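Inspection log for the structure reproduced underneath, given as structure tokens.
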Amino acid sequence: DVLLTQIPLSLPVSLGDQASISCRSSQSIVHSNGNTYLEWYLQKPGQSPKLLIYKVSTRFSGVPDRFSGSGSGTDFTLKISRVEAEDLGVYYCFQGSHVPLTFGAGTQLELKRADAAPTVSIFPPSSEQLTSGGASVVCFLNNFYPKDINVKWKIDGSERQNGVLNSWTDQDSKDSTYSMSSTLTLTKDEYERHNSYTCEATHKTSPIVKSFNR
Amino acid sequence: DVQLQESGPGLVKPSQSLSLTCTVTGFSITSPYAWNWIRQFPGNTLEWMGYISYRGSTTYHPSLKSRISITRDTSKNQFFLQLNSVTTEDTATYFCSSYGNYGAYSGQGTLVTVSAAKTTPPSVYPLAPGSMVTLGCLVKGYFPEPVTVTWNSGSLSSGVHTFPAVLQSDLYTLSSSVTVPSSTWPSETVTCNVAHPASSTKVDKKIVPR
Ligand SMILES: CN(Cc1cnc2[nH+]c(N)nc(N)c2n1)c1ccc(C(=O)N[C@@H](CCC(=O)O)C(=O)O)cc1
């Protein structure tokens, strides 16, 4: 199978910047008719991927001139001469020259900004959930930048990892920050075995700590 | 003018087969060159499943060839996808697309969930704390995806984070946060509005302190 290597996978940019994405083919993608079916797609969130460039350098209908494709053999490049607010999303390269037809892993074109520490909020289980015999402890690590932040749970001085469910949001369109939710899933009985519940935002010292006592 | 519209069931039981329809408008499926079926896995990678040409000959992803069948109805201007012995690993957003000398056109895509799980509404719980104040909503144990979360019918959208759903074990769970000034809460009403269309539910949970 033809493997497509996209370089880089994450492209941090400022509006107005010149951007370049590379697509490296594991083998030649020249079809038996001499044509190279190398395509570039842009996927915005919620939307389906939309064609930008096909046959290496042909711009699709409605595609601006700031988007251009080039390359030969195993190295293909998508260039964005001026990054606009509407150009943000995930870029994919695709080859249709050999079966199976294949895509690259996707390049996230993301907005740069200054580092931001998260806002940590901890929530004891609700009385409504306790009545059902369940006790979920929820923590939010909101509006941080870049993705370099983690969660750490401590229950009465001991690190907790089992029963922890984490989810990260995409880059926020409001301020270019990321957010994450961490839920410690316990039964009412498990929750009653412990007193002090601690949620921390960690970095590669210094953590942002939130806690409550049962 | 050109439109490719996917249709079919959103839920399929494991070992059963998924069937999807692509309804084409704007031009004929008889126009060159290929009429594709593509899938995008949860938060993921894209896979070209196969295509039927303008002349009716098929080309499949070798790994799917034995389970996959792409057919067409030239007079209805539709093409079809059949994927047989389905696994939980077939859960994806399925799109139909076209390719030719003009480039490519893509449909909007529909999520097809492959699970043994049955339709369950979520349990919605308020999250009140123990200059700004963060409140939340826990939307637990629903099936299938999706749910929609709004805060005060949308007037609070500015300081809202609705986190992606996680699957455990065969049910989905999500949370949503809202941050408002300390002046606004508990003095004024903050309500979390959750809708799960599949089970026809619409719940409104108010955030009450202590
Ligand atoms: C090898 N490819 C298949 C191919 C290429 N890129 C794709 N790109 C996408 N997005 N999807 C599919 N299915 C693709 N399939 C391929 C080869 C030759 C013709 C072809 O002969 N095209 C025209 C005209 C050929 C010509 O230029 O004379 C025809 O009408 O037959 C099309 C596609």
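Ordering of the structure tokens sets the chain letters (A, B, ...); residue numbers start at 1 within each chain; ligands are numbered from 1 in the order shown.
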**OP:** Tell me which protein, DNA and RNA residues are within 10 Å of segment 129-140 of chain A, counting only C-alpha atoms, leaving out same-chain ones fewer than 2 positions away, and put them as a PyMOL selection string.
**Re:** (chain A and resi 118-127+142-143+151+153+163-167+179-192+197-201+210-211) or (chain B and resi 123-127+134-138+140+161+163+175-177)
Can you write out as a tab-separated table which residues of chain B fall within 6 Å of chain A, alongside each residue's closest atom pair and its distance in Å to one decimal, counting only C-alpha atoms and ordering rows by chain and ascending residue number?
```
residue	atom	partner	partner_atom	distance
B:61	CA	A:100	CA	5.0
B:103	CA	A:60	CA	5.9
B:108	CA	A:48	CA	5.5
B:129	CA	A:123	CA	5.6
B:163	CA	A:169	CA	5.6
```
Original post:
Neighbours of residue 18 of chain B within 10 Å (only C-alpha atoms; same-chain residues fewer than 6 positions away dropped), as an MDAnalysis selection string?
Top reply: chainID B and resid 8:12 68 81:86 90 112:114
Subject >> Residue nearest ligand 1 - candidates B:13, B:210, B:55, B:72, atoms counted: only C-alpha atoms and all ligand atoms >> reply: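 Closest to ligand 1 of all the choices is B:55.
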Original post:
Would you name the residues within 8 Å of ligand 1, counting only C-alpha atoms and all ligand atoms, and put them as a VMD selection string?
Top reply: (chain A and resid 31 33 35 37 to 39 54 to 55 94 to 98 101) or (chain B and resid 32 to 36 50 to 51 97 to 101 103 to 104)
**OP:** Using DSSP on the backbone, list every residue of chain A that comes out as helix (DSSP H, G or I), and give them as a list in words.
**Re:**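 For chain A, the helix (DSSP H, G or I) set is residues 85, 86, 87, 127, 128, 129, 130, 131, 188, 189, 190 and 191 of chain A.
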**OP:** For atom CA of residue 145 of chain B and atom CA of residue 205 of chain B, quote the distance in Å rounded to one decimal.
**Re:**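 If I compute the distance from atom CA of residue 145 of chain B to atom CA of residue 205 of chain B, I get 19.9 Å.
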Residues within 8 Å of residue 156 of chain A, please, as a compact mmCIF listing (two decimals) with N, CA and C atoms, in the first residue's frame. Count only C-alpha atoms; anything in the same chain fewer than 5 positions from it doesn't count.
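What ended up in around_23.txt:
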```
# COMPACT_ATOMS: atom_id res chain seq x y z
N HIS A 194 -13.66 7.58 51.14
CA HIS A 194 -12.65 8.64 51.08
C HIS A 194 -13.13 10.00 51.53
N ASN A 195 -12.22 10.89 51.88
CA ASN A 195 -12.60 12.21 52.34
C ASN A 195 -12.18 13.33 51.40
N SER A 196 -10.88 13.47 51.18
CA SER A 196 -10.29 14.54 50.40
C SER A 196 -10.07 14.13 48.94
N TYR A 197 -10.70 14.88 48.03
CA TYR A 197 -10.66 14.66 46.58
C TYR A 197 -9.97 15.84 45.96
```
**OP:** State, in Å with one decimal place, the distance from atom CA of residue 23 of chain B to atom CA of residue 78 of chain B.
**Re:**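 If I compute the distance from atom CA of residue 23 of chain B to atom CA of residue 78 of chain B, I get 4.6 Å.
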Subject >> Shortest interatomic distance to residue 120 of chain B - which of B:20, B:171, B:192, B:4, counting only C-alpha atoms >> reply: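 Closest candidate: B:171.
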**OP:** Extract, using only C-alpha atoms, all DNA, RNA and protein residues at most 6 Å from residue 77 of chain A, discarding same-chain residues fewer than 2 positions from it, and format them as a ChimeraX atom specification.
**Re:** /A:21-22,69-71
Please, could you write that set of residues out with N, CA, C and O atoms as a short mmCIF file (atom, residue, chain, number, x, y, z; two decimals), in the first residue's frame?
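Once everything was written out, this is part_3.cif:
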```cif
data_model
loop_
_atom_site.label_atom_id
_atom_site.label_comp_id
_atom_site.auth_asym_id
_atom_site.auth_seq_id
_atom_site.Cartn_x
_atom_site.Cartn_y
_atom_site.Cartn_z
N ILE A 21 2.86 22.65 3.70
CA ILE A 21 2.61 21.28 4.17
C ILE A 21 3.23 20.35 3.15
O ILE A 21 2.98 20.49 1.96
N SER A 22 4.01 19.39 3.63
CA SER A 22 4.65 18.37 2.80
C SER A 22 3.90 17.02 2.87
O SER A 22 3.36 16.64 3.91
N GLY A 69 -0.42 23.81 -5.26
CA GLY A 69 0.18 22.50 -5.09
C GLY A 69 1.30 22.27 -6.08
O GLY A 69 1.25 22.76 -7.20
N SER A 70 2.34 21.56 -5.66
CA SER A 70 3.48 21.24 -6.52
C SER A 70 4.09 19.93 -6.06
O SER A 70 3.64 19.37 -5.06
N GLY A 71 5.07 19.44 -6.80
CA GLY A 71 5.78 18.22 -6.45
C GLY A 71 5.89 17.20 -7.55
O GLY A 71 5.22 17.30 -8.59
#
```
**OP:** Considering only C-alpha atoms, return as number ranges by chain whatever protein or nucleic-acid residues lie within 10 Å of residue 27 of chain A, sequence-local ones (same chain, fewer than 6 positions apart) excluded.
**Re:** A: 1-4, 73-75
